[PDB]
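Novice: The structure that follows is given in the form of structure tokens.
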Protein chains: 2
Amino acid sequence: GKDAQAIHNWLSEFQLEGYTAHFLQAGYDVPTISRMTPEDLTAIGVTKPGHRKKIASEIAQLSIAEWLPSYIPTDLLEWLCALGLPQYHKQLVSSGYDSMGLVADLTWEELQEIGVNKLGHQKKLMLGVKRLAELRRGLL
Amino acid sequence: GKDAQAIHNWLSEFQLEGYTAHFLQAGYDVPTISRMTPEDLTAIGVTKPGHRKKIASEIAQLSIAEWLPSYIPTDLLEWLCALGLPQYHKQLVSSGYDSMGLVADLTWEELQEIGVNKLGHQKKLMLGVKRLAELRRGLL
């Protein structure tokens with residue numbers, strides 16, 4: 001198991017790791033767990049109040065989000081972080097590409113005065129744009 | 001370096017790994033490399049014809065795509081693979097959620113006769129739907 005070893009690690013930091021299989025059988029992984037509620041834990045069989053209280057508390061301390069597991073960037077900076085290019089955010093913003101909907105229409109010739117000059121970052125970004133467009137038209 | 005060790009590994013499988021820094025300085029990573037052309041390799045300074053011929057050939061043999069690095073799913077199955085839920089594709093298709101644009105309007109009550117019954121897979125999917133909607137309205 002691959003996310004099992006992520007759960008088992010996190011549950012071990014407070015000696016509740018014998019609940020690992022509870023999250024597995026329910027299909028959960030760590031980022032989804034971070035958004036459960038107490039009733040969700042009850043639903044998957046965490047019924048002992050002493051343990052459900054403690055797992056809830058330990059979940060609020062989980063501060064790793066937000067486009068995991070979905071992998072849908074909602075805003076521009078999230079997306080440049082999916083890609084490995086957050087260093088370009090504020091160049092894109094100074095040039096008026098400050099939203100997903102506007103970035104989708106960015107074009108190969110703007111790139112030089114925005115400041116994306118390494119050709120690999122150039123290509124990676126424009127492939128992201130191209131197929132971001134392909135996803136908008138996907139709604140009809 | 002993290003994708004450097006991915007390049008250095010792949011270039012080593014044909015003893016050309018001393019080109020690793022060429023791809024780094026240009027910002028490339030493996031999935032972007034897989035889409036380069038010969039002129040792209042020239043541009044980043046792979047100028048010796050014997051090596052550029054061989055790296056090109058070795059790139060066509062790279063068959064790992066397609067939403068990496070972009071992390072924008074273009075079609076429904078890609079997206080259920082971003083998430084860890086491809087086992088549900090054909091249930092979603094038998095129920096008429098066979099595109100991104102239609103999935104974006106899937107709702108919590110359909111889930112039982114589609115066949116998504118593990119609550120963690122339920123939550124993971126509906127978070128993906130919710131924020132997929134949030135991304136469509138993002139285009140105005």
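Novice: Which ones in segment B:103-129 are loosely packed, with under 15 Cβ neighbours inside 10 Å, in contact with a helix residue (DSSP H, G or I) (Cβ under 7 Å, 6 or more places away or on another chain) and over 12 Å from B:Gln91 (Cβ atoms)?
Specialist: Initial filter on segment B:103-129 (loosely packed, with under 15 Cβ neighbours inside 10 Å): B:105, B:107-110, B:112-113, B:115, B:117.
Subsequent filtering for residues that are in contact with a helix residue (DSSP H, G or I) (Cβ under 7 Å, 6 or more places away or on another chain) retains B:108, B:115.
Result: B:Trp108, single match.
Novice: Would you confirm whether or not segment A:16-34 contains a residue that is among the polar types (S, T, N, Q), more than 9 Å from chain B (Cβ to nearest Cβ), in a loop (DSSP other than H, G, I, E, B) and touching a residue at least 12 places away in the same chain (Cβ under 8 Å)? Steps first, please.
Specialist: Of all residues in segment A:16-34, those among the polar types (S, T, N, Q) come to A:20, A:25, A:32, A:34.
Filter again for more than 9 Å from chain B (Cβ to nearest Cβ), leaving A:20, A:34.
Next, from what is left, pick out any that are in a loop (DSSP other than H, G, I, E, B): A:34.
Imposing the further condition that a residue be touching a residue at least 12 places away in the same chain (Cβ under 8 Å) reduces the set to A:34.
Scanning segment A:16-34, I find at least one residue that is among the polar types (S, T, N, Q), more than 9 Å from chain B (Cβ to nearest Cβ), in a loop (DSSP other than H, G, I, E, B) and touching a residue at least 12 places away in the same chain (Cβ under 8 Å), so the answer is yes.
Novice: Only residues that are at the interface with chain A (Cβ under 10 Å from one of its Cβ atoms) and of a type outside the set (A, V, I, L, M): list them for segment B:75-86, please. Reasoning before the result, please.
Specialist: If we filter segment B:75-86 for residues that are at the interface with chain A (Cβ under 10 Å from one of its Cβ atoms), which is where we start, we get B:75-76, B:78-79, B:81-85.
Answer for segment B:75-86, where residues must be at the interface with chain A (Cβ under 10 Å from one of its Cβ atoms) and of a type outside the set (A, V, I, L, M): B:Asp75, B:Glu78, B:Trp79, B:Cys81, B:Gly84.
Novice: Would you check which residues across segment B:90-140 are free of Cβ contacts under 8 Å to residues at least 24 places away in the same chain, more than 13 Å from chain A (Cβ to nearest Cβ) and closer than 25 Å to A:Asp40 by Cβ and list them?
Specialist: Selection gives B:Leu92, B:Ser95, B:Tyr97, B:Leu106, B:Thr107, B:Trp108, B:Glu109, B:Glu110, B:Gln112, B:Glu113.
Novice: Of the numbered conditions (1) under 16 Å from A:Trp67 (Cα atoms); (2) within 15 Å of the chain's Cα centre (by Cα); (3) of a type in the set (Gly, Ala, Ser), B:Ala133 satisfies every one except a single condition; which is it?
Specialist: For B:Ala133, the failing item is (2).
Novice: What residue, among those in segment A:59-74 that are among the aliphatic types (A, V, I, L, M) and within 14 Å of chain B (Cβ to nearest Cβ), is nearest to A:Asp3 (Cα to Cα)? Even if it seems obvious, please write down each step before you answer.
Specialist: From segment A:59-74, those among the aliphatic types (A, V, I, L, M) are A:59-60, A:62, A:64-65, A:68, A:72; that's our starting set.
Subset that is within 14 Å of chain B (Cβ to nearest Cβ): A:59, A:65, A:68, A:72.
Details: A:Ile59: 16, A:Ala65: 15, A:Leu68: 13, A:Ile72: 20 Å.
For segment A:59-74, the residue satisfying everything is A:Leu68.
Novice: Residues of segment B:11-33 being surrounded by fewer than 19 Cβ atoms within 10 Å (Cβ to Cβ) and under 22 Å from the mean Cα position of the chain (by Cα), which ones?
Specialist: Result: B:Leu24, B:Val30.
Novice: Name the one entry in B:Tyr88, B:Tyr71, B:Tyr97 that is on the phi > 0 side of the Ramachandran plot and surrounded by 14 or more Cβ atoms within 10 Å (Cβ to Cβ).
Specialist: Details: B:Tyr88 fails: on the phi > 0 side of the Ramachandran plot; B:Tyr97 fails: on the phi > 0 side of the Ramachandran plot.
After applying the criteria, what remains is B:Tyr71.
Novice: Same structure, new question: For the list (1) of a type in the set (D, E, K, R); (2) touching a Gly at 6+ places or on another chain (Cβ under 8 Å); (3) farther than 30 Å from B:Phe23 by Cβ, I need the number of the one condition that A:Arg137 fails.
Specialist: (2)
Novice: Exactly one condition in (1) at positive phi; (2) touching a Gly at 6+ places or on another chain (Cβ under 7 Å) is false for A:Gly115; which is it?
Specialist: (2)
Novice: Still on this structure, please answer the following. So which helices (runs of 4 or more DSSP H) are wholly in segment A:56-140 and hold at least 3 residues that are under 30 Å from A:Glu13 (Cβ atoms)? Before you say what the answer is, go through the steps one by one.
Specialist: Values: elements: A:76-82, A:89-94, A:100-103, A:111-114, A:119-137.
Qualifying helices (runs of 4 or more DSSP H): A:76-82.
All Cβ positions, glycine included, derive from the backbone under ideal geometry; neighbour counts span all protein chains shown. No value in this document is a laboratory result; all are computed from the given coordinates.
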